[PDB]
Every structure is written in structure tokens, then in C-alpha cells.
Amino acid sequence: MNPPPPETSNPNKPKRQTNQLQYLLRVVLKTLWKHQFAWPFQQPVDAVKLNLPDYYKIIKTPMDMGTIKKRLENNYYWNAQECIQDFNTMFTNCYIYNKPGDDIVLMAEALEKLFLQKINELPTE
Ligand SMILES: Cn1cc(-c2ccc3c(=O)n(C)cc(-c4cccc(NS(C)(=O)=O)c4)c3c2)cn1
């Protein structure tokens with residue numbers, strides 16, 4: 001079976017709005033969502049559908065943009081870095097599971113370049 005997706009709401013964590021978290025949802029997630037390379041990253045990797053039975057043997061911290069969107073909308077992160085770390089995990093999962101130069105890896109690298117361009121414009125803490 002696929003594993004259940006990552007946790008996205010936790011009723012026992014404190015909640016806040018910050019400049020950075022707002023920007024992460026309204027600008028960074030939005031911009032990446034619409035990129036031509038985004039669709040394989042928009043929901044968890046469906047290892048059953050793709051016939052990739054080793055994916056969740058290899059990738060033990062799955063992450064995707066659907067889950068990040070949900071964490072942001074549910075105020076799951078207190079610090080912007082937690083969200084930034086989730087985007088990084090999503091990219092590195094793709095680099096760990098696949099091989100250098102793979103086309104799916106080039107698609108991740110392009111999304112990652114864009115993500116860094118938007119993170120450089122994060123508003124002041
Ligand atoms: C032979 N083969 C390999 C793949 C493959 C290999 C690695 C990846 C990968 O690392 N990511 C993050 C995503 C995909 C992928 C590609 C196309 C569609 C989907 N759909 S999904 C998000 O429902 O799992 C996922 C993906 C697909 C597909 N066919």
C-alpha cells in the first residue's frame with residue numbers, strides 16, 4: 001500500500017500569522033504550483049500507480065507541494081524555516097531516489113532554482 005500522506009493539521013501546536021508564512025503561501029507556493037514542471041510534485045508520490053515499489057523503501061521522509069499547501073493553510077508551521085525545510089526535503093527526495101541528469105531530476109532542479117529566487121525575496125522577519 002502507499003503510506004498515508006504527511007500530517008498537515010495538528011490541534012496541539014500554537015498558531016501564528018507572520019510576513020514570511022503569508023508570502024510562502026501567497027507567492028512562493030502559488031508560483032511553483034503553476035510552473036510547467038510542477039505536476040509530479042503536487043501530491044504525494046503514488047508508488048502503487050507508478051509501479052515504484054521501492055520508493056517508500058528508499059524515501060522515508062516524503063514531502064510534496066500538496067502537503068506544504070495544506071500545512072501553510074492550516075498554520076502548521078510556526079517558523080518559516082520549517083516550510084523552507086519541507087520544500088528542500090521535496091527536492092532532495094527527488095535527487096535521492098533518482099540519478100544525476102535524470103529528466104525528473106532536471107524538473108526538480110528547475111523548480112528548486114525558482115524556489116531560491118523567491119526565497120531571496122522573503123520579507124524581513
Ligand atoms: C519509470 N518511471 C519513473 C517515474 C518516476 C520517477 C520518480 C518520480 C519522482 O521522484 N517524483 C517526485 C514524481 C514522479 C511522478 C511523475 C509523474 C506523475 C506522478 N504522479 S504522482 C505525484 O501521483 O505520484 C509522479 C516520479 C516518477 C515514472 N515512471
# chains A, B, ... in the order shown; residues from 1 in each chain; ligands from 1
>>> residues_around(residues="residue 2 (chain A)", least_positions_apart="4", cutoff="10 Å", atoms="only C-alpha atoms", output="compact mmCIF listing (two decimals) with N, CA, C and O atoms, in the first residue's frame")
# COMPACT_ATOMS: atom_id res chain seq x y z
N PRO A 44 1.39 13.56 -3.06
CA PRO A 44 2.43 12.60 -2.68
C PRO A 44 2.76 11.65 -3.82
O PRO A 44 1.91 11.36 -4.68
N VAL A 45 3.99 11.11 -3.85
CA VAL A 45 4.33 10.14 -4.90
C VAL A 45 3.47 8.89 -4.69
O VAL A 45 3.45 8.27 -3.60
N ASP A 46 2.77 8.55 -5.76
CA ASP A 46 1.82 7.38 -5.69
C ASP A 46 2.59 6.22 -6.28
O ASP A 46 2.62 5.99 -7.52
N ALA A 47 3.31 5.54 -5.40
CA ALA A 47 4.21 4.44 -5.77
C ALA A 47 3.44 3.21 -6.31
O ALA A 47 3.97 2.46 -7.11
N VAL A 48 2.17 3.05 -5.93
CA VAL A 48 1.32 1.99 -6.47
C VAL A 48 1.01 2.34 -7.94
O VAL A 48 1.32 1.56 -8.83
N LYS A 49 0.50 3.54 -8.19
CA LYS A 49 0.10 3.97 -9.53
C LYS A 49 1.32 3.91 -10.45
O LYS A 49 1.23 3.50 -11.62
N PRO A 53 7.67 0.09 -6.44
CA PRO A 53 7.58 -0.50 -5.08
C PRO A 53 8.70 -0.23 -4.09
O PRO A 53 8.54 -0.40 -2.87
N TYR A 55 9.97 2.94 -3.70
CA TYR A 55 10.04 4.37 -3.43
C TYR A 55 10.03 4.59 -1.96
O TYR A 55 10.86 5.33 -1.46
N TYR A 56 9.05 3.94 -1.26
CA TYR A 56 8.94 4.19 0.16
C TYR A 56 9.80 3.28 1.02
O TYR A 56 9.71 3.34 2.24
>>> residues_near_ligand(ligand="ligand 1", cutoff="10 Å", atoms="only C-alpha atoms and all ligand atoms", output="VMD selection string")
chain A and resid 37 to 52 55 59 62 to 66 90 to 99 102 to 105 107 to 108
>>> atom_distance(atom1="CA of residue 119 (chain A)", atom2="CA of residue 70 (chain A)")
19.1 Å
>>> closest_residue(among="A:85, A:22, A:9, A:17", to="residue 122 (chain A)", atoms="only C-alpha atoms")
A:22
>>> select_by_dssp(residues="region 19-102 of chain A", states="alpha helix (DSSP H)", output="PyMOL selection string")
chain A and resi 19-23+30-33+55-58+65-73+80-97
>>> write_last_selection(atoms="C-alpha atoms", output="compact mmCIF listing (two decimals), in the first residue's frame")
# COMPACT_ATOMS: atom_id res chain seq x y z
CA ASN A 19 5.03 38.09 6.96
CA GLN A 20 7.20 35.23 5.84
CA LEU A 21 4.49 32.49 6.20
CA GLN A 22 1.99 34.59 4.32
CA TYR A 23 4.48 35.16 1.50
CA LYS A 30 1.43 29.82 -5.89
CA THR A 31 4.32 30.46 -8.29
CA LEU A 32 5.73 26.95 -8.02
CA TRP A 33 2.21 25.35 -8.33
CA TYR A 55 10.04 4.37 -3.43
CA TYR A 56 8.94 4.19 0.16
CA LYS A 57 11.72 1.75 0.99
CA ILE A 58 14.23 4.45 -0.06
CA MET A 65 3.58 20.61 -2.61
CA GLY A 66 0.03 19.45 -1.81
CA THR A 67 1.12 18.71 1.73
CA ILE A 68 3.08 22.02 2.04
CA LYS A 69 -0.01 23.98 0.87
CA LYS A 70 -2.08 22.23 3.49
CA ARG A 71 0.47 22.87 6.25
CA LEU A 72 0.57 26.57 5.35
CA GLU A 73 -3.26 26.95 5.22
CA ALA A 80 9.19 29.99 8.03
CA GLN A 81 12.26 27.74 8.16
CA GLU A 82 10.04 24.66 8.78
CA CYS A 83 8.28 25.30 5.47
CA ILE A 84 11.52 26.06 3.70
CA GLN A 85 12.88 22.74 5.05
CA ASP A 86 9.78 20.93 3.61
CA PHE A 87 10.45 22.35 0.11
CA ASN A 88 14.09 21.20 0.49
CA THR A 89 13.06 17.73 1.53
CA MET A 90 10.80 17.53 -1.50
CA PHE A 91 13.69 18.47 -3.87
CA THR A 92 16.26 16.23 -2.17
CA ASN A 93 13.89 13.25 -2.16
CA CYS A 94 13.79 13.54 -5.94
CA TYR A 95 17.64 13.75 -6.10
CA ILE A 96 18.00 10.79 -3.74
CA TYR A 97 15.53 8.43 -5.37
>>> atom_distance(atom1="CA of residue 100 (chain A)", atom2="CA of residue 113 (chain A)")
16.1 Å
>>> atom_distance(atom1="CA of residue 74 (chain A)", atom2="CA of residue 4 (chain A)")
18.1 Å
